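Protein chains in written order, with my numbering: chain U, 1205 to 1256; chain D, 202 to 411; chain A, 2 to 53; chain F, 13 to 136; chain C, 66 to 212; chain S, 10 to 133; chain V, 441 to 492. Please read the structure below before turning to the comments.
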RNA sequence: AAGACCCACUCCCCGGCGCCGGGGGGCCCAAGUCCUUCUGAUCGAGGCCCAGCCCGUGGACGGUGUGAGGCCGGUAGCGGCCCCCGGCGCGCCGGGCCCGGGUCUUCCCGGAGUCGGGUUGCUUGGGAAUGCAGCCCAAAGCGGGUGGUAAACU
RNA sequence: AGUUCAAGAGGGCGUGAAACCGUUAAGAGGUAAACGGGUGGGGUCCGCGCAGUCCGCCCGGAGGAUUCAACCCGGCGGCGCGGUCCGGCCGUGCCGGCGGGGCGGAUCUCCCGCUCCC
RNA sequence: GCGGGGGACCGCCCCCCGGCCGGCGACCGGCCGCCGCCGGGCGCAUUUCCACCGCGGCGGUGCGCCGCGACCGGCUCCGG
RNA sequence: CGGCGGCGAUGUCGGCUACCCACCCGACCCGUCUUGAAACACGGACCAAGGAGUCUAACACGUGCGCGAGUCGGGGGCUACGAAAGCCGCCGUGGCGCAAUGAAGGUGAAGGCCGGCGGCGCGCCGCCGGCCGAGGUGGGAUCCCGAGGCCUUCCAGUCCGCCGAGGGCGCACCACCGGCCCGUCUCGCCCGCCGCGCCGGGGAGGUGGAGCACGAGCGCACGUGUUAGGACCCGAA
RNA sequence: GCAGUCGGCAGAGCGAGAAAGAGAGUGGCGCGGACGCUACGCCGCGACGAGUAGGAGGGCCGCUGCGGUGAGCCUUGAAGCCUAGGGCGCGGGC
Ligand SMILES: [Mg+2]
Ligand SMILES: [Mg+2]
Ligand SMILES: [Mg+2]
Ligand SMILES: [Mg+2]
Ligand SMILES: [Mg+2]
Ligand SMILES: [Mg+2]
Ligand SMILES: [Mg+2]
Ligand SMILES: [Mg+2]
Ligand SMILES: [Mg+2]
Ligand SMILES: [Mg+2]
Ligand SMILES: [Mg+2]
Ligand SMILES: [Mg+2]
Ligand SMILES: [Mg+2]
Ligand SMILES: [Mg+2]
Ligand SMILES: [Mg+2]
Ligand SMILES: [Mg+2]
Ligand SMILES: [Mg+2]
Ligand SMILES: [Mg+2]
Ligand SMILES: [Mg+2]
Ligand SMILES: [Mg+2]
Ligand SMILES: [Mg+2]
Ligand SMILES: [Mg+2]
Ligand SMILES: [Mg+2]
Ligand SMILES: [Mg+2]
Ligand SMILES: [Mg+2]
Ligand SMILES: [Mg+2]
Ligand SMILES: [Mg+2]
Ligand SMILES: [Mg+2]
Ligand SMILES: [Mg+2]
Ligand SMILES: [Mg+2]
Ligand SMILES: [Mg+2]
Ligand SMILES: [Mg+2]
Ligand SMILES: [Mg+2]
Ligand SMILES: [Mg+2]
Ligand SMILES: [Mg+2]
Ligand SMILES: [Mg+2]
Ligand SMILES: [Mg+2]
Ligand SMILES: [Mg+2]
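Set out below in structure tokens:
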């Protein structure tokens, strides 16, 4: 049927929690290399380029 | 058949409910279409505010909500009469009108009258013929500084009369709230029967002399 | 944690500018891969067009 | 910390191979290529790696530096050793033991130096 | 997840967890709450006492907003106001007691459950409990009826 | 509950340890100095304890402070505090059984007539 | 730092959100275990294999 | 609504007409068939330096002898051009409309075989009858209807 | 014979399974066949088996190598706060204030609008 | 008098400072010292390092296939 | 074993298994209903492909996550994938939770000590003030104190760590005893005033309650169970 | 049971019938040392193992499709299918 529950609501505190945890993990070099991004020559992992 | 300890349930699924099931897969489509209709309306009435006309302050009835004020359908005809606005020009300069609404108290009447006089103070009225201004129309400075207002026009807020800390008096320290409530319920319950008893025992005792 | 270092902000040509932004505290959040995977498995069902 | 990064990557890394009732980690500085907490080459503050040199002769040894942990460009220090086998093992054993530099990886690195050097000596 | 369901482990077993003797038939016992007075009477009396029968007066057109009276206890009475409201009243010496209007915060009646902290207060409510008003008088304070 | 359990005579200068949540209680007017270790502390409870001059520890800090838990009071919340236990017990519908039944709604026509009044057949 | 906040300050661009709290603060289990405080309280290890 | 007393502006719209600044359709718009090599065929594989082949607001897709950002159609772009149909402004001719608010005084005002009642039948959560309909009775005007328990008084 | 890379793709033609059938090869055959356990025999292929293992240290033998240790220069890295070397940065640290600001508060108190009053 | 503006207070946060204290092992520099490594010199062969040889010894692992013996130890069944 | 032997390149070595054959022992054909099937019980000639506990809603309990006396934006609104995600707080309306009980009118969750005064005859039977204050008993994981003691020539002599007779505070929880709230019953004396009434409030003792007695809920996800739905699939007259 | 891989910052203990400290102070040459530890791991002892209906656990058993990942495989040959070939796993299967 079409009226299978396709959609799942997540609590807002948990959605912000997961954004916080994923951001926090995107600053540790082991976890992003274990994700497989080739970063073995980037000069700093929270890689902030200036606003130009 | 029921198992052990559990709730007795009455699901209302004994009809042919699956023909009349209303899925909401067009929910963001309805939201996105309602949004575009809202911006099309706001673009069409270009200096007039987007939400609509000004709505009065009404007290909700029916004791759960009677501390809360909210926006009513329209300003009533006596509110427009005290504000000195014609009931047919009100809807042309953007005032909601409710002919059906009575007033029962002075204060809500006066609050919505002051709302009308606070709104006509903010009303920037464009001249009807664009190259010729007229008598009551707004001046060319507020015409050039006219903007389209978003949200409700002067939105309605609950104001709370905050009370400072007072020294408690002996009269309030001697007032018995629970006793006064119980006696109030008793007097309201027994007003008619005590009046009947007093009238009967007053009129029937005149048989002693008549 | 509570120690927040000084991230260097980089430029167009990739060398380090003199600018420095102290690290945001969201990068010191608890990294919770079970919660991230829960949020992912429930939010990723929300774009699903129905089939029947 | 390292134990936290391990509890993240112990089953969900891209270097994880789980085939034929075995488990391997294809990480660059993983001596023994073993998915372990001890032999993981990414999660530690101090790591040793051993791999063949850029040219086909010699063994390059990799040491992780203390300061720039979040800075992968200047993080690893590479040293090519092109000596005889005994001298190369003496150099690696002195780099690990005399520095006290992550000392449980001493003969994993020594045996990896021996394996790369044997692989560099040609077959008849 | 259908892959964590019991039906995946039941592939290969003949009766699918419902027995060979007494099978999975259609509705063995009636539909819904059938036989609640006849053959499910033991369950209905053992777990739902009072299900059958008719008690009390009818009230034909009940308006639930009419009997609306959300209550508050005296242990949460100072949670309606801010903390500086309590500590300024604690430190001052004029006896200037703060007012708590519980209608303002959203309650109509004050019942008195907890102990009330030793400082004066003026409490406004539509109704009061007897124990609530006597505890406010005991701590020193006033009960003010509002409508 | 944690206030009164550390209030007992002989439990001064000593750490409250719970392996659950320290939640706030708003029917509390004065919060004395508490040294607490817990898994989670709710945000207002942290504000109240830290404004009271107390310390909030986590279990890794507890392990470094007292490795054997000396100077500790282990505490628990009410394990029958959940509303399921009011439904648990003797079956409601047996004599002297003060067990809450499962009702869709509560009211005068919801499970009040037959087995619950002497007038409507019988009372247990 | 204004979208998600620090721990001392809430989120300026959210209604009521603060950074989530760490269930343990020092996650360096090796640094915890070989620190002297625990090691003085440990008993002697039994490292000897008593086979059949 | 009309009369009297005051206050107060002469601009709304129709029929024609010309002039000024969204929609359909059509035609188009970046860059490799470079050098080797595999093949039945390459769109595969390697290379293109000191511009790290070229374009990239285009690396969606389809077709082309496997597999294509660059072969082709397309894609992207507040990109172009030509028609068409509007909508939107100003201007002219003819015609229409020659209009209001306040104060006081004097007048006027309402829908019937309908409401309502009884009964019958259906319907409703509507329970001494929620609604509808048939039949019978059958209105009033400081009246009528409603005010979720039938009825009388207020 | 020819086309095609391929007819081992030939106009119900990609792949072309199993049931079933034909033929070739091999083995067998009176308790219907078939099966489990245990061996044996023969085949098919496999081990590219068929004089059989290297590894580390030491001794000896001749051989080769501009080669070891130690000292000089330079670079890199690791490690007593080098008790109390110099300087920074950070603190889910605190105290101080002739401080300079944002936010919030059911904490208190000079101007404007508005409503009666001559 | 109402509503609003102004001010004070309080709390928290941010930024200047003045001072302790902690960390730099989720977060450093400079010199000094000790060490290790790399490169380049000097060193020059009773040292070092390569590759071969002996049916060499030492220690580990296995013998290509088919076998046999010896003693040790465990469990058993007997016998003198 | 610091003991040995034999055989080897075109006919031999090994290959437990894998194809065929031989032999001894075992061995009745599966599925199903049934007390009992190899059954003279039924279905099944063979092969391929399809083919049966699902989804929605509700409830219960368990478990996981987030926040927590709260929680939740699901409906609305603002700003290719994206119909997603982010935000709103003067969008928490509202749901469930924080309070129950009674048919209902309704009511609605501790008290003691001290100073003053046979009214009666609260020595007893209220209000003026102050103080202390949310119960107890038994068991109870943990934790606290410590008579003494844990040797290296021997007397001291200190600090740290460990052990410990005994004594404690006692988590959660259980059992019991008191206490408090609503219904109802019995007994009995008072207290109040804007109206002193067919008024209002109180006490003691039992007793009915799905209560209180210093919270534990809400949302989401998973799993089982019971249902309403075609409801595991096929089947009527 | 094992975080004790506690190494020229060394000293390599903790199976042993008998509560506890291989405690600390002060007076009377040659640069060496197996393995380990996916802590959801590894190791050690002891006892046990029938199973219909039924329940639970583990599946590096299998199919399809999606989200990540393998600088994966592939016209120097993918899927599929056949096989007296080699094997692995208790088995599903590979
Ligand atoms: Mg059952
Ligand atoms: Mg609108
Ligand atoms: Mg079974
Ligand atoms: Mg069956
Ligand atoms: Mg079952
Ligand atoms: Mg059954
Ligand atoms: Mg039966
Ligand atoms: Mg069923
Ligand atoms: Mg019967
Ligand atoms: Mg190419
Ligand atoms: Mg293409
Ligand atoms: Mg193509
Ligand atoms: Mg290309
Ligand atoms: Mg092109
Ligand atoms: Mg093009
Ligand atoms: Mg285009
Ligand atoms: Mg009906
Ligand atoms: Mg009436
Ligand atoms: Mg009535
Ligand atoms: Mg072919
Ligand atoms: Mg073909
Ligand atoms: Mg074919
Ligand atoms: Mg033959
Ligand atoms: Mg036989
Ligand atoms: Mg059968
Ligand atoms: Mg039978
Ligand atoms: Mg059978
Ligand atoms: Mg027979
Ligand atoms: Mg049959
Ligand atoms: Mg048959
Ligand atoms: Mg099939
Ligand atoms: Mg639950
Ligand atoms: Mg879409
Ligand atoms: Mg159940
Ligand atoms: Mg069916
Ligand atoms: Mg079903
Ligand atoms: Mg049918
Ligand atoms: Mg078994």
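Heads up, the beta-carbon is just placed ideally off N, CA and C, and yes, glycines get one too.
Contact check, residue 187 of chain C vs residue 160 of chain C, beta carbons under 8 Å: Reading the fifth chain from its first residue, position 122 is the one you call residue 187 of chain C. Reading the fifth chain from its first residue, position 95 is the one you call residue 160 of chain C. At the C-beta level, residue 187 of chain C and residue 160 of chain C stay beyond 8 Å of one another.
Chain-order list of residues whose beta-carbon lies under 7 Å from that of residue 40 of chain F (same chain, five-residue window excluded): As a working note, residue 40 of chain F is residue 28 in the fourth chain. Cβ within range, chain order: 53 and 61.
Any chain S beta carbon closer than 8 Å to residue 208 of chain D: For the purposes of this step, residue 208 of chain D is taken as the residue at position 7 of the second chain. Yes, its Cβ sits closer than 8 Å to a Cβ of chain S.
Heavy atom of ligand 7 within 7 Å of residue 86 of chain C beta-carbon: Numbered from 1 along the fifth chain, position 21 holds the residue referred to as residue 86 of chain C. Taking non-hydrogen atoms of ligand 7 into account, the C-beta of residue 86 of chain C is found less than 7 Å away from one of them.
Bridge partners - residue 63 of chain F, DSSP secondary structure assignment: Position 51 of the fourth chain holds residue 63 of chain F. Partner(s): F:72.
Supposed close pair residue 250 of chain D, residue 275 of chain D - CB separation, criterion 8 Å: Against the second chain, residue 250 of chain D aligns to sequence position 49. Against the second chain, residue 275 of chain D aligns to sequence position 74. Actually they are not in contact, since the Cβ atoms of residue 250 of chain D and residue 275 of chain D sit about 16 Å apart, beyond 8 Å.
Within chain U, partners of residue 128 of chain F - CB distance below 9 Å: In the fourth chain, the residue the question calls residue 128 of chain F occupies position 116. What residue 128 of chain F touches in chain U: nothing, since even the nearest Cβ is about 20 Å away.
For residue 1234 of chain U, the nearest candidate out of F:130, F:135 and F:20 (CA to CA): By 1-based counting over the first chain, the position of residue 1234 of chain U is 30. Nearest to residue 1234 of chain U by C-alpha distance, out of F:130, F:135 and F:20, is F:20.
Beta carbon proximity, residue 5 of chain A to chain U, threshold 8 Å: Position 4 of the third chain holds residue 5 of chain A. No, residue 5 of chain A does not count as interfacial toward chain U.
CB contact flag (residue 124 of chain S, residue 110 of chain C, <8 Å): Here the question's residue 124 of chain S lines up with position 115 in the sixth chain. Here the question's residue 110 of chain C lines up with position 45 in the fifth chain. Using a Cβ distance threshold of 8 Å, residue 124 of chain S and residue 110 of chain C count as a contacting pair.
Residue 93 of chain C Cβ short of 7 Å to ligand 6 heavy atom set: As a working mapping, residue 93 of chain C is identified with position 28 in the fifth chain. Correct: residue 93 of chain C has its Cβ closer than 7 Å to ligand 6.
Paired residues, beta bridge with residue 189 of chain C - DSSP: Working through the fifth chain from its first residue, we reach residue 189 of chain C at position 124. According to DSSP, residue pairing for residue 189 of chain C in a beta bridge involves C:166 and C:209.
Completely contained beta strand (DSSP E) runs for the region 41–114 of chain S, where each covers 3 or more residues: Within the region 41–114 of chain S, the runs of beta strand (DSSP E) at least 3 residues long that lie entirely inside it are, in chain order, 44–46, 64–66 and 81–83.
N-terminal and C-terminal residue of the beta strand (DSSP E) that residue 7 of chain A is part of: Within the third chain, residue 7 of chain A is the residue found at index 6, counting from 1. Here the beta strand (DSSP E) through residue 7 of chain A covers 7–11.
Proximity to residue 40 of chain S [Cα-Cα], best of S:66, S:92 and S:15: Along the sixth chain, read from residue 1 onward, the residue named residue 40 of chain S stands at position 31. Cα-wise, what sits closest to residue 40 of chain S is S:15.
Straight-line Cα distance separating residue 127 of chain C from residue 389 of chain D: Within the second chain, the letter at position 188 stands for residue 389 of chain D. Within the fifth chain, the letter at position 62 stands for residue 127 of chain C. Here the alpha carbons of residue 127 of chain C and residue 389 of chain D stand approximately 22 Å from one another.
Pick from F:135, F:110, F:13 and F:128 that is closest to residue 57 of chain F, judged by C-alpha positions: Position 45 of the fourth chain, counting from 1, holds the residue named residue 57 of chain F. Comparing alpha carbon positions, the residue from F:135, F:110, F:13 and F:128 closest to residue 57 of chain F is F:13.
Where residue 1213 of chain U meets chain V, residues with beta-carbon distance less than 8 Å: Within the first chain, residue 1213 of chain U is the residue found at index 9, counting from 1. Going along chain V, no residue has its Cβ under 8 Å from residue 1213 of chain U, so there is no contact; the nearest lies around 18 Å.
Bounding residues of the alpha helix (DSSP H) (the contiguous stretch that carries residue 204 of chain C): For the purposes of this step, residue 204 of chain C is identified with residue 139 of the fifth chain, where counting begins at 1. DSSP places residue 204 of chain C in the uninterrupted alpha helix (DSSP H) bounded by 195–204.
Proximity winner among D:224, D:345 and D:244, relative to residue 50 of chain A (alpha-carbon distances): Position 49 of the third chain, counted from the start, is the residue given in the question as residue 50 of chain A. Between residue 50 of chain A and the set D:224, D:345 and D:244, the nearest pair of CA atoms involves D:224.
Members of the region 447–473 of chain V that neighbour chain F once the beta carbon cut-off is set at 8 Å: Residues 466, 467, 468, 469, 470 and 471.
Own chain residues within Cβ distance below 6 Å of residue 97 of chain F, not counting five before or after: Locating residue 97 of chain F in the fourth chain gives position 85, where the first residue counts as 1. Here the set comprises 129.
Same chain, Cβ closer than 7 Å to residue 294 of chain D, five either side skipped, listed in chain order: Here residue 294 of chain D corresponds to residue number 93 of the second chain, with the count starting at 1. Excluding the 5 residues flanking it on each side, residue 294 of chain D has same chain C-beta neighbours closer than 7 Å at 324 and 326, in chain order.
Three-way DSSP call (helix, strand, coil) for residue 110 of chain C in this model: Sequence index remark: in the fifth chain, residue 110 of chain C carries index 45 (1-based). Here residue 110 of chain C carries a helix assignment [DSSP, helix/strand/coil].
Proximity of residue 44 of chain S and residue 24 of chain S at Cβ, strictly below 8 Å: For the purposes of this step, residue 44 of chain S is identified with residue 35 of the sixth chain, where counting begins at 1. For the purposes of this step, residue 24 of chain S is identified with residue 15 of the sixth chain, where counting begins at 1. The Cβ atoms of residue 44 of chain S and residue 24 of chain S sit closer than 8 Å to each other.
Beta-carbon gap between residue 201 of chain C and residue 364 of chain D smaller than 8 Å: As a position in the fifth chain, residue 201 of chain C is number 136, starting the count at 1. As a position in the second chain, residue 364 of chain D is number 163, starting the count at 1. For the 8 Å CB-CB criterion, residue 201 of chain C and residue 364 of chain D do not form a contact.
Sheet register partners of residue 161 of chain C (DSSP bridge): Taking the fifth chain and counting its residues from 1, one reaches residue 161 of chain C at position 96. The beta-bridge partner set that DSSP reports for residue 161 of chain C consists of D:368.
C-beta neighbour in chain D for residue 149 of chain C, strict 8 Å: Residue numbering aside, residue 149 of chain C sits at position 84 when the fifth chain is read from its first letter. No, residue 149 of chain C does not count as interfacial toward chain D.
Nonlocal neighbours in the same chain, by C-beta distance under 6 Å from residue 283 of chain D, ignoring five residues either side: As a first step, residue 283 of chain D is located in the second chain; it is residue number 82 there, counting from the start. Within the same chain, residue 283 of chain D has close Cβ partners 314.
As assigned by DSSP and simplified to three states, the class of residue 172 of chain C: As a first step, residue 172 of chain C is located in the fifth chain; it is residue number 107 there, counting from the start. Residue 172 of chain C: coil per DSSP, three-state reduction.
Beta carbon shell of ligand 2 at less than 7 Å from a heavy atom: If you measure from each CB to the nearest heavy atom of ligand 2, the residues under 7 Å come out as D:239, D:252 and D:253.
Residue from A:15, A:28, A:16 and A:18 whose Cα sits closest to the Cα of residue 1224 of chain U: Your numbering for residue 1224 of chain U matches position 20 in the first chain. Measuring from the Cα of residue 1224 of chain U, the nearest candidate turns out to be A:28.
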